[PDB]
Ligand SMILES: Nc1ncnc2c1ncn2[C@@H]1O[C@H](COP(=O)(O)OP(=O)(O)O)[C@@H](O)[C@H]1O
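A lone chain, given as structure tokens: the form deposited without adenosine-5'-diphosphate.
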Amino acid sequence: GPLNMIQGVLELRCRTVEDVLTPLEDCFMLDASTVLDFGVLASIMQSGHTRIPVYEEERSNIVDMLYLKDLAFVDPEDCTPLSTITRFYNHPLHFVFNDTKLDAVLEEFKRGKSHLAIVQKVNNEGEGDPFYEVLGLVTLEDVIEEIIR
């Protein structure tokens, strides 16, 4: 209760996105090449997400964000592709480092439009150049959950 929540807010400064995130495989996401038919739209609305990551052509390559609002006058059949929609709005997409402390992410989320960042860690194993590896998503909920439990 009130005391747990107090511990939770205090623990924000110690725990990080990694602790709270939602791995890629467990996120509702969309293929850029998808077509907005009755089924997929339904799928969208039934997701109860209002902001959905759009990838191509494998879930870690996240190219765009689809907001629910974006669906406003799309008519199933016509059978519009998802990328024509995404290409109507440059909605920005927020990346966060896996390291970042929750208290910081709280602030970011307040200080923006966003209630969901995509999580990244730099990856050093391999001969190649460093890269950013997408771990999955953290949402404002995910952070609140930290507090109201």
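From 1 onward, residues are counted along the sequence shown. Think of the rigid core as the biggest set of C-alphas that the two forms share within 1.5 Å after superposition.
- Here the rigid core sets the fit, and in 4 other deposited structures of this protein the C-alphas of 108-116 stray farther than those of the other stretch, out of 89-97 and 108-116.
- Each structure in 4 other deposited structures of this protein is fitted to the shown form on the rigid core, and of 128-136 and 18-26 the C-alphas lie farther away on average for 128-136.
- Legend: mean Cα B-factor per stretch from the PDB entry, 30-38 versus 119-127; the higher mean is in 119-127.
- As recorded in the PDB entry, 106-114 is the stretch of 106-114 and 46-54 with the greater mean C-alpha temperature factor.
- In this PDB entry, the Cα temperature factor of residue 21 sits in the middle third of its chain's modelled residues.
- When the modelled residues of the chain are ordered by C-alpha B-factor, residue 14 sits in the highest third.
Keep in mind that the form deposited with adenosine-5'-diphosphate bound is not shown, yet the notes after this line are about it.
- A heavy atom within 4.5 Å of adenosine-5'-diphosphate in the deposited complex is found for exactly one of 121, 91, 101, 51: 51.
- Contact with adenosine-5'-diphosphate, judged by heavy atoms within 4.5 Å in the deposited complex, is confined among 78-86, 112-120, 31-39, 91-99 to 112-120.
- Using a 4.5 angstroms threshold between heavy atoms, residue 137 counts as touching adenosine-5'-diphosphate in the deposited complex.
- Although the partner is absent here, residue 146 sits far enough away that none of its heavy atoms falls within 4.5 Å of adenosine-5'-diphosphate in the deposited complex.
- Although the partner is absent from this view, residue 141 contacts adenosine-5'-diphosphate in the deposited complex, with a non-hydrogen atom inside 4.5 angstroms.
- adenosine-5'-diphosphate in the deposited complex comes within 4.5 Å of no heavy atom belonging to residue 106.
- Of all the residues from 25-44, those having a non-hydrogen atom no more than 4.5 Å from adenosine-5'-diphosphate in the deposited complex are 26, 27, 28.
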